[PDB]
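Take a look at the structure set out below.
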Amino acid sequence: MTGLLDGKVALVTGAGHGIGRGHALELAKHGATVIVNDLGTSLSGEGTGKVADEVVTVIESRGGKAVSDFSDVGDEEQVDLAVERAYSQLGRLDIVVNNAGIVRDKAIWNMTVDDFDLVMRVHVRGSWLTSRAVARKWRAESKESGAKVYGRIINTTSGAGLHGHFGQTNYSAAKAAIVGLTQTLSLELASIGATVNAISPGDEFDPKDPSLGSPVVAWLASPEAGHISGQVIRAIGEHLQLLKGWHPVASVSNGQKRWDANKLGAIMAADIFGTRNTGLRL
Amino acid sequence: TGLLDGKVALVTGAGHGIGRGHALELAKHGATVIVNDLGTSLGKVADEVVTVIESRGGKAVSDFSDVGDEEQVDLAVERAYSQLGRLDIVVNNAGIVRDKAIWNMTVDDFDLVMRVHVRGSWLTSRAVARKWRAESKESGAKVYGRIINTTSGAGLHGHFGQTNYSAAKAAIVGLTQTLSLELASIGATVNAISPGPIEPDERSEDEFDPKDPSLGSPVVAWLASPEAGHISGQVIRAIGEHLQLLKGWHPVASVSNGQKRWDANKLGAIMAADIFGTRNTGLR
Amino acid sequence: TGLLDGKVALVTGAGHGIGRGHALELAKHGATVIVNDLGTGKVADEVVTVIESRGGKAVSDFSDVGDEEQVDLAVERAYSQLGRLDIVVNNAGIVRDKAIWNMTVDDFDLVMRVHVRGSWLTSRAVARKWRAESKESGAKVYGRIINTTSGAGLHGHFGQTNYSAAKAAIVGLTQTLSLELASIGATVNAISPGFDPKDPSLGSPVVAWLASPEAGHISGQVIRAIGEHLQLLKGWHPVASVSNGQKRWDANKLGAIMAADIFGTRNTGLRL
Amino acid sequence: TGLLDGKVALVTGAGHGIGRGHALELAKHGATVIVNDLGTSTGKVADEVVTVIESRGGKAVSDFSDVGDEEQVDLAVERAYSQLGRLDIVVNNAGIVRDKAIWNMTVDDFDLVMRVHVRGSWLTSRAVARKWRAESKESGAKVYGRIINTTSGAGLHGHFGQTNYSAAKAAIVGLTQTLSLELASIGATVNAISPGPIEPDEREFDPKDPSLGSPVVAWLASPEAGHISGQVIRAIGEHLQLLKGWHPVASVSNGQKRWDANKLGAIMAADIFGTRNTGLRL
Amino acid sequence: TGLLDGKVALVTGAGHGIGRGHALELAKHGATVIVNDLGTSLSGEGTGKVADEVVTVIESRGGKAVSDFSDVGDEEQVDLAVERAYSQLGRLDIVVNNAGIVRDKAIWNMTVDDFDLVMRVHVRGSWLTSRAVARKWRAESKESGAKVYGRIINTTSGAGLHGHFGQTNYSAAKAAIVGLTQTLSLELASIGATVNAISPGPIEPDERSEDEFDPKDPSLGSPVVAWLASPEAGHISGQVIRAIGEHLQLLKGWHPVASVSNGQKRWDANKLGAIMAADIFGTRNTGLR
Amino acid sequence: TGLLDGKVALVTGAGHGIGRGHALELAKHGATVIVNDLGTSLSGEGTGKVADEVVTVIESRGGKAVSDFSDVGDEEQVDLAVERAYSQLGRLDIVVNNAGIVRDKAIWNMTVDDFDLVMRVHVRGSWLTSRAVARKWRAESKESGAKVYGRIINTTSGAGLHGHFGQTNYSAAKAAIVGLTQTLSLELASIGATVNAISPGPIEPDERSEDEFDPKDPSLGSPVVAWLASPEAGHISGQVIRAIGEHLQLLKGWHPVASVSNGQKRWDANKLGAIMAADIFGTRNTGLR
């Protein structure tokens, strides 16, 4: 009788197709007013010729509330305008799902600076711009009220961002950057009550269905998840997983003496990677 | 006979601190070091570091390339090949900080940090990858290549006031992991060091200070050596007393939906009992 | 704004030691504390006086937590006089330590009654009230139960067959109540409470936080708060396992199986 | 030559199911089994089990003591010593279930379950402990003694509708751990089995067979298991498992300052449950 | 370009089974293989020596090999085989110690000759060949002032790591080889040689080459032996590597799983029973502490 | 009533150090100890045999002991020593194999005699005594139709478990003893005997007072040996137990730490380098998979 996100306003970037479209539908299904951001052209062209307007129509025909947005998330002024338009027209911006992205796959020796710059701009600068925009608004509200406020940012990383992948020096760097951006935002926004997490999204059941992680995004954006921040959560196909990050698996001390590069080979071999045996040691 | 005899190494941001320690260390082991830095002394600081290297019996040349600029980076690598024969080693260390909470941070503060750290390391990596790959295709065999990038704790874990620096140093991990996969077949390795106001050459080589910025420099030198050709795509922490191998993201808890869609109205209990363990499962 | 502003909390055995610390801590954070204790002109009044002199709200209660009728009345006298009972901290207890061959059935029964029956009675009393409110509103309600176990309850201790059984029973009671009250929104956790490391009130802030709206997602957990350290505990788990191949076990072979496959006191040898 | 030749064993609640399986197994390995139960079959069900045991070549006698009653328990142990010489083994299995959600549960439902399971197991343990300790003091040497108590999954983990049964089966673990420590010096062992209407003696391999753990109970009662005490052993279906108990999985220090409840939320999230990230900590 | 082009390898007991597979594999990747074996062929034709038959198989497949009939337990014969390799083939780069026999019986039925003979072929043979090349390699390193090329791969087995009923001799021998391997790794490290141990687990392997994958094929570990002997594996030494059937595994050895201190007072044997039970094996509980 | 009252124990190499400590400890707990040693004393008085001196110390402390001068590497002498134990003392319940020698040298400087001799005393000696009592215990079990009492404690060392420069012979020997111990445990289990291995790590131990603690005392592990030889340890067999200085530790052995499947296709040595790096040693990253 009561949806998870009733009364909330959510921005979903790149929500015209695929994963982002699934997010927009899921958030709207749970009662949120969804700002459907996308720049693409509708294949049919009938209407406004804009794919974001098609997603809004789907949301409204299912009983949900949504408006379209055509902001370039890589552009500072346009992001400010999108956030200003949310507060003035919808009262507040409660949820940001940074999903907008592009790929320019090629081995680095065939990759141009435009291929690199553009992928870094849409993924990292875009997520940084929207995060800063809502952070300023949320912190201003918290300082005025003297209490915590509501805030949800869900960023989007990927397997290549966590592990690298051939042909994706730009895309892997961008999706890795988003993990560090997420961890830092979590620490910076903790005291005012907002959470910042990262999703790794990748009757009938298709393990490749792009919307299979969308209920997790919707739940993370809900009041039930106010205690979860700075986490990387993988929701691909059949499985939901919590990931944890970098950790030492082998450690050795120099005894408070400088390392000797002519001895590090044997130390790396025996004490770090285990490719040589140590022998008896007292 | 030094570990790096005959090798040519580029160290970006080698005028002070950690990079200065690297440049000294590589030159000590026989490499000809290209000391890259843009800073001035109290007189260019890269020239001063070259002089220190030479006074200790080493070989070095200065370079003043902006590592964020594509043409200058490509030109510096061409110069290394034309004047010194080859560029075998790249230590990407140049960086800046513009620390503030995100609500006080300008886009320039963000862009500038991302450019020097990530674009710079990507630019030098592409430049040598192209040279190394061309040599490998012409000879039909593997060639020598070493790239050591620089990440940091904030890049691995985040840190208040460092949305830009943390994003940059995290990106470098993904760049390092990917470059390792791309350069494997021609024989080059790509690793990342996590190294953490007196310059290193001004410290007595006998005393041990846990805050010494050059304590990881021998690790960088060894990774650049012919002994480390089997190590690539690794993140290695060398700070103070300890040398550590790190491994990355992994699942610590996992649950299946039984090949039915997740229900957001049910995920609260599942997150509590099966993921984070804040609620008990009971007998199952 | 206190953590527990507007909340009403009952603390059993709040006249001395750990329980008094809990009562003081909850009242400091805005809760109205029902100070329950039977000791001596009555120690529960003395604790109420301390709470009010510090600016808090407290009332005395002299119910025997082992008695069903008195427990049902105390909860009613909380709902009727104070509006609601949001928090129950089950801390009342006694000890009668002796080796089992020297222990009387009364030493056993009385300890089991105060610790286990007392915590069960108060839990049933608020569960019934809380569940009724959920049925009327059709939504989740507020509820906190914090039970008290101890190291002897988790690991055993010489001379404490009664006390160890009682504190162990409270763990299972806590795990089960968490499952039963999950749907209506109440949580049930267990504290193990044991700058001075021997301070009996060192775990009291942990109880206070568990009783707060910030801890609504934590239930069925055992939390150790002793001295310098705060620890989350997890329970029984297999450390060695062997299969019989879907054939019955043979007691004349279990010795070798226990040694090689369970406890590791004998080697297995090469096994294909 | 049976494992339990010359031994006398008491099994409480041995008229049906798990307890009947234990009674059969102990007698199969040579023990004289005291088959205790209060139930009816025609005749008393404990007599029926004695007849089954004897028909298989074993030795057994029936007993109708209410194990929740102190005087009857003391009499049963006295009867064992006077008629059979000694009581070497006690398998505490008698129990009942009164499953209900707590709000529908009566005090009698709670009291009766606690009485039969915990008080009964405590009463028989105290009775034999007194006898065994008296024999050890007279001879100045260690004596033979085995107590096997019965817990269950609900006792270790809880289960909806079983506040009484879960409390009882949890209590038995602490009773077992404590009795092991108290009886160690005289040489007796105390362990706990977790064993999980077709009777066992009329039954191939069925994972739901109530007697599948009975051989484990028999071995624990044998001279081969004198070095094992205070253990919880799970024997369900195909698997035999050794369990270990409560342990810290996350720990944090207050720096020798009092905890602050207004700061504990952030500490619980980052240092205990891991719902928030810690960030870099040098 | 083969992995082992230009290398010379000695494989002991290479006339049949696992060792024959090693000899075939090393030759396939470019090594000149010294096929050592004492056994005779079934036909008796030619020289009657099975090692010559393996050489013929190697050569018809385009490889290089020579036969050797040295008793690896004999000091003088082993020293001669290594000298022959240096004088006729230039150098000895690789030694695969595989020769062995079994004399299975429970110890109470076993003669000392059965014990001695198994220890002699397995352990003394591996020690003798290792010493002979170690002397050559160290002399070459002193002459050149540089590291030299060197590979020793010994052969252990499951019985050597865990024991097996009826194999006191074979288990002792294959365990000794692990300690021998660990020590040789430490002794030869400075000149650059590596020493590892393979745990590899009728129809000869060359008659099964194009055959369908069989998990019981004894030659499935030979590519692992070939790679360990290659220039690519110069950073791996003192390791025990199991290559059986479908799986390739790295093993690690002895380690403490339980530890207790006496508080700098002597142990009391009348108190060790409870300590063993509660603090070492965990058969008794500790209680609250 | 001592732990070992009524038991008869043989300790080989019990004239000095660790073996002497074992002999003293077993006798202190009630055992009649056969003090075996070949060495001479400093005085040369009377028999001039150091084993006779240890017997005197044991008897002067109120214990029971007899001397023995058997060469444990010699089959005839070992079988006779076990016969003498049965005929003169009734039975041999406990064998502590401690006799050994060291001939440390890098392998290239080591003679075959240095290798053979160390292998003979350590491994052949321990195999010989074990076989002798196994025959006695097994015959006694067949006659009685019941299990019998039997304890064998062998001696390994850190070099046997991990290798050590200059000890190819000693490391192989002490490693062989682990496999010997694991196997004997399996072979003697059914008749009730246990076989374990101790890793124990100039003033003789009896020249120290029973109340001082020296972390270098060679007798610090002797109470552990006595407990393993006692009726309380009948459920422990095939174990390796380290008792050095302050610590008592249970060790466990070889196990896989990394594993990879070939997909039921033969390994390719030209692909194993990348597999070793990414899937076994972790020296290269795998990337997204």
Side-chain angles (χ1 to χ4, degrees), chain A residues 4 30 76 107-109 113 116 120 124 128 131-132 135-136 139 161-166 168-169 172-173 175-177 179-181 183-185 187-188 205 215-216 218-219 224 232 238-254 256-257 259-262 264-265 272, chain B residues 3 29 70 101-103 107 110 114 118 122 125-126 129-130 133 155-160 162-163 166-167 169-171 173-175 177-179 181-182 208 218-219 221-222 227 235 241-257 259 262-265 267-268 275:
Chain A
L4 262 181
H30 291 286
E76 177 187 28
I108 189 173
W109 51 86
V113 289
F116 177 82
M120 298 298 293
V124 193
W128 185 90
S131 296
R132 184 185 66 163
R136 288 176 310 195
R139 188 168 181 271
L162 307 180
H163 309 292
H165 185 243
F166 187 102
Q168 285 190 309
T169 49
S172 172
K175 289 313 201 186
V179 178
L181 176 61
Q183 295 169 318
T184 301
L185 286 169
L187 304 168
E188 293 193 1
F205 181 84
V216 180
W219 182 82
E224 299 187 353
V232 175
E238 181 179 329
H239 304 283
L240 163 74
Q241 305 184 314
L242 177 67
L243 311 183
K244 298 294 180 170
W246 290 91
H247 59 285
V249 304
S251 181
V252 67
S253 162
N254 57 32
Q256 302 186 332
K257 311 177 289 285
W259 297 112
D260 186 353
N262 297 298
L264 276 176
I272 299 301
Chain B
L3 261 182
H29 292 285
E70 177 186 27
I102 192 173
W103 51 86
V107 290
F110 178 82
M114 298 297 291
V118 194
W122 183 91
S125 296
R126 181 182 65 163
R130 287 170 166 171
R133 191 166 184 271
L156 304 178
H157 309 288
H159 188 242
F160 189 105
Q162 286 192 310
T163 46
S166 173
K169 289 314 201 186
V173 178
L175 178 62
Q177 293 170 316
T178 299
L179 285 168
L181 304 168
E182 293 193 1
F208 182 84
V219 178
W222 182 81
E227 298 186 352
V235 174
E241 180 179 330
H242 303 283
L243 163 75
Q244 305 181 313
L245 176 65
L246 312 184
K247 297 293 181 171
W249 291 91
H250 59 284
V252 302
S254 181
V255 66
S256 163
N257 56 31
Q259 302 186 339
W262 296 113
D263 188 354
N265 295 296
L267 275 177
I275 298 301

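Hydrogens, waters and symmetry mates are skipped; everything else that's a heavy atom, side chains included, is used. We name chains A, B, ... by the order of the sequence lines, and we start the count at 1 in each one.
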If you count heavy-atom pairs within less than 4.5 Å of chain A, which of B:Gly268, B:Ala101, B:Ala264 leads? B:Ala264
Strictly distance-based, threshold 3.5 Å: is any side-chain N or O of B:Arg130 a donor or acceptor partner for the main-chain N or O of A:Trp109? yes
Please look at B:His157 and chain A and tell me whether the side chain, the backbone, both or neither of the residue comes under 4.5 angstrom of a heavy atom of that chain. both
Answer whether the closest heavy-atom distance between the side chains of A:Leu240 and B:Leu267 falls below 4.5 Å. yes
Distance from A:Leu185 atom CG to B:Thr163 atom OG1, nearest 0.5 Å? 6.0 Å
Just by distance, no angles: are the side chains of A:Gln168 and B:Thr178 close enough, under 3.5 Å, to form a donor-acceptor pair? no
So does A:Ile108 get a backbone contact from the side chain of B:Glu182, meaning a donor-acceptor N/O pair under 3.5 Å? yes
Interatomic distance, CG@A:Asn262 vs NE2@B:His29, rounded to 0.5 Å, equals 5.5 Å
Can you check side chain to side chain contact (heavy atoms under 4.5 Å, CB included) on B:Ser166 and A:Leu181, steps first, answer last? CA-CA 6 Å; B:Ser166 173; A:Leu181 176 61; over 6 Å; no
Let's go through B:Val118 and A:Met120 carefully: what are the C-alpha distance in whole Å and the side-chain angles of both, what is the deciding distance for side chain to side chain contact (heavy atoms under 4.5 Å, CB included) to 0.1 Å, and is it a yes or a no? CA-CA 10 Å; B:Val118 194; A:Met120 298 298 293; 4.0 Å; yes
Any donor and acceptor pair, going by atom type alone, linking the side chain of B:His250 with main-chain N or O of A:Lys244 inside 3.5 Å? yes
Under 4.5 Å from a heavy atom of chain A, the part of B:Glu70 involved: side chain
Examine whether an atom of B:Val107 lies under 4.5 Å from a heavy atom of chain A, and if so say whether it belongs to the side chain, the backbone or both; otherwise answer neither. both
Rounded to the nearest 0.5 Å, what separates atom CG in B:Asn257 from atom CZ in A:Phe205? 5.0 Å
Is a side-chain donor or acceptor of A:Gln183 paired with a backbone partner of B:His159 at a separation under 3.5 angstrom? no
Given A:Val232, A:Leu243, A:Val216, A:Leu187, the one with more heavy-atom pairs under 4.5 angstrom with chain B than any other is A:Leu243
Using a cut-off of under 4.5 Å on heavy-atom pairs, state which of A:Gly161, A:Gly164, A:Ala135 scores highest against chain B. A:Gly164
Report the option among A:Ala176, A:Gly180, A:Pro215, A:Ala177 that has the most heavy-atom pairs separated by less than 4.5 Å from atoms of chain B. A:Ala177
Rounded to the nearest 0.5 Å, what separates atom CH2 in A:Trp246 from atom CH2 in B:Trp249? 10.0 Å
About how many Å separate OG of A:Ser251 and NE2 of B:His242, when rounded to the nearest 0.5 Å? 6.0 Å
Does any backbone or side-chain atom of A:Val249 lie under 4.5 Å from a heavy atom of chain B? Answer side chain, backbone, both or neither. both
